[PDB]
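Trainee: need a 3D model of the sequence below.
(2 chains, ligands or ions: 2)
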There are 2 protein chains.
Amino acid sequence: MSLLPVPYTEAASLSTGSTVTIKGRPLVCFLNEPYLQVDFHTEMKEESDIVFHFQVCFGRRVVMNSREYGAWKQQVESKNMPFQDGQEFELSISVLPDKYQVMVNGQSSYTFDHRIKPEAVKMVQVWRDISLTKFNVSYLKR
Amino acid sequence: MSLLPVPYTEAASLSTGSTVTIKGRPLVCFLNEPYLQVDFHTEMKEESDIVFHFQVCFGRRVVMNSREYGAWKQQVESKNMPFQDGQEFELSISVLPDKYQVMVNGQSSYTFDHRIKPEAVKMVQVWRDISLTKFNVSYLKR
Ligand SMILES: CC(=O)N[C@@H]1[C@@H](O)[C@@H](O)[C@@H](CO)O[C@H]1O
Ligand SMILES: CC(=O)N[C@@H]1[C@@H](O)[C@@H](O)[C@@H](CO)O[C@H]1O
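Mentor: Numbers count the residues shown, from 1 in each chain, chains lettered A, B, ... in the order given. Ligands and ions are numbered 1, 2, ... in the order given. Now the structure:
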């Protein structure tokens, strides 16, 4: 179906049971090392703090972090690479009480314990070297 | 004026006196560390060898390299950062007899000695976190 603009910005709220679903594909082969970045921002401004930073170097590594009062905190680096060269991915990020859980094509792939309350999130940005066909934030829970 | 598609691909030939001129701007503030990549490819295929790889992490560093028979060679890393936060840039890459010379907004900023004859180049790709308004390869010289 249709392409969303990239970089993609949507105003968002998150609490426990919220799911962010992202369908997309890398713009180029893994040999050229395309990136994907998903940032959960505390304001609509791109300079705002990031509760959850998720950055894929396709075929190589994933880094997760937070930016709190303008400053990057403890990097978590993963060599877990469920993303397939040249394929569409479906990414689903669940807000559990203790952490974010990242599902890649239906497989649990990364978790990241909450450093800031998910209620602090006001915006989600999806950007770098991807096309996007689907973006959804679920709003079913009290 | 109008935006070119990014990633941007143009079939190209280079020899001594050839200039590649690129006008663009980063998609986001330097705090979010947008990238720019310019690759001079030996074929139209994106998997093809790269005679000259130029990768800016805006506000941080520049790496230059070649990919020869699929393999990255000796990285050159520069902390020279003439790019201004939130500004349009003009990038001009000249083919001199011994090297590429990179001008940023009219200032000599990087050089890269030839590892492969520039005549090997068949394609130029400009990609990552930029908008593009201008791309030109000059063809004035014998
Ligand atoms: C909560 C808060 O003010 N966060 C700010 C953020 O908005 C931005 O201005 C950043 C720039 O470095 O600095 C942070 O300290
Ligand atoms: C000259 C040549 O064949 N270069 C190839 C390149 O086209 C690509 O296939 C790459 C994939 O790793 O391998 C290189 O050795």
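Trainee: whichever residue of chain A sits closest to ligand 1: neighbouring residues, count only.
Mentor: When scored by C-beta to the nearest ligand atom, chain A has residue A:70 as its residue closest to ligand 1, at 2.7 Å. C-beta: built from backbone N, CA, C; applies to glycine. Residues lying near residue A:70 (other C-beta atoms under 10 Å in any protein chain shown) number 9.
Trainee: is the most centrally placed residue in chain A in a bridge, and if so with what?
Mentor: Central residue of chain A (C-alpha atoms, centre = their mean): residue A:38, 3.1 Å from the mean position. According to DSSP bridges, the partner residues bridging residue A:38 are residue A:54, residue A:126.
Trainee: ok, it - contacts?
Mentor: A:20, A:22, A:52-54, A:91, A:93, A:124-126 (C-beta atoms under 8 Å, 6 or more residues apart in numbering or on different chains).
Trainee: run through the residues of chain A sitting next to ligand 2.
Mentor: Residues of chain A lying near ligand 2 by C-beta under 6 Å from any ligand atom: none.
Trainee: strands of chain A, start to end?
Mentor: For chain A, applying DSSP state E gives strands covering A:8-11, A:19-26, A:35-41, A:50-57, A:61-68, A:71-72, A:76-78, A:89-95, A:99-104, A:107-113, A:123-128, A:130-137.
Trainee: and the ones you listed: which comes nearest residue B:133?
Mentor: strand A:123-128 (19.8 Å; C-beta to C-beta).
Trainee: the closest one and ligand 1 in contact?
Mentor: No: Strand A:123-128 stays clear of ligand 1 (C-beta under 6 Å from any ligand atom), getting no nearer than 11.8 Å.
Trainee: could you tell me the angle between that strand and strand A:19-26?
Mentor: 20 degrees (axes from the mean of the first three to the mean of the last three C-alpha atoms, to 10 degrees).
Trainee: returning to that earlier point: look up phi and psi at the residue of chain A closest to ligand 1.
Mentor: For residue A:70, the backbone dihedrals are phi 80, psi 0 (criterion: degrees, to the nearest 10).
Trainee: does it touch residue B:31 like I think?
Mentor: Yes: when contacts are counted by C-beta atoms under 8 Å, residue A:70 is listed as touching residue B:31 (7.5 Å).
Trainee: mutual contacts of those two, please.
Mentor: Contacts common to residue A:70 and residue B:31, judged by C-beta under 8 Å, 6+ apart, are residue A:47.
Trainee: perfect, I'm done here.
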